[PDB]
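Quick heads-up: it's one chain on its own, the form deposited in one PDB entry, in structure tokens.
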């Protein structure tokens, strides 16, 4: 066996039987294990490699699950799961029925918080420490937060309260100068250069120290965890530590495809994502529109903006992991005559709900939202599934919402949004779509749907990913109409009145929760028109969806093509 030490470790108690001089050899076994686990692709390789040493030291010094160790985001905690009885389960991580890719309270007593969104560790740790003190208990509370997660407002404000309350707790700042891209912000710049950067926070500050010296970290943790008041242990790590290819390019190896550990060669994703279609469109648009300015909250790569940032460096802003700052900064730009575009994932847009409502919508400002990862994202599970934006955006006055069926319709909606007054949201899923020629800028009327298949018996209303399911479902069913419901706000009131009054039954399909989303909008509009057709609302149930493929989630949610055909048969359609 290549891992003699790890073979005897089934929990933190087994780990403590090792001597301190054996810990360096253990971290090497852990790194090799993490490399093999991630070699199949789609996992958080570089972040978990960087955190191996601090995780080993923390579990060697602390007594989990009696002590609580909290991970921010949780993507860097593969060594934590390997050391807490889940080594064998790492083979199926993020697979349906397997363990989560992040720490999850229901999965293990050793997982103190359920995470996926960034910057929640500090407020969670404060609550646990206050609860401990209120109950008269004495256990240790420790939080591991990266330099990227520290840019979030809810981490900075929580630290302000933590310094005020002065309770026993340890914060490990895992500083590798990386987020997904290189980290941004003034704090990141300041820390690159004997002063306590958190002196105004009233928090004890130790470091920076070598985040890969596992024996020194153990020695340090032993002399800090029992001190009075909160402490920040600032460690410096190399993202991807232990794999030369990952250290050289920590951006790609943050989430590599299937790769060969001996050569570093990986499967290039030669697909054309929706993200690349947006990036191509907005890079093209900004060439002729000097008012366009793109803001991302730390997702230049995921949103498809690498080429944009290179071609338009003076129209690009990365605010770090601060979705709230991204939206309100865009509002200020719109107030000064710009045409800002906020590129943001649906799940992360949840963080900026009040900024959309209060800072953008009240004055009806010219902010365009290009919303990636809309709908079920799949393997990242409940913390990342973007199945709520059709509900929470819809109830904001003046926020228009569109769902493009392809890249040409995306360009048409972006063009409309950038040339018309007020806020517009354009949401599209994880996945691929056909490339269109440069200069494709069709004119569309916002709010007008388009019928794609004839039929008056039963008519399916769907947009985006749900529309692909609907067209496939009605593929061989004459008389089943399909309408591209590419606008959720406003609805096509004229076509809905006509179709709702003439059809015996309607089906709405949405890659969104059924609660208050597109189906609810259709029912509200039909009621206002005093029309009462039979309607089957298909969508994600009012339940969080665990990690699986999006197709599996959609099959069990009842929105894929076979599920629609079953509903069609229930409505009396002659399905073969």
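Residues that one form lacks are left out of the comparison. Numbering follows the first chain given and starts at 1. By rigid core we mean the largest C-alpha set that fits within 1.5 Å across both forms.
Not pictured, yet referred to below: the form deposited in another entry.
Among the candidates 266, 316, 392, 446, the CA atom that moves 2 angstroms or more between this form and the one not shown after core superposition belongs to 266 alone. Closer approach of the C-alpha atoms of residue 266 and residue 297, by 3 angstroms or more, is seen in the other entry than in the present form. Between residue 267 and residue 301, the Cα spacing is smaller in the other entry than in the shown form, differing by no less than 3 Å. When the two forms are overlaid on the core, a lone consecutive residue run of 3+ whose CA positions all differ by 2 Å or more between this form and the one not shown maps to 257-271.
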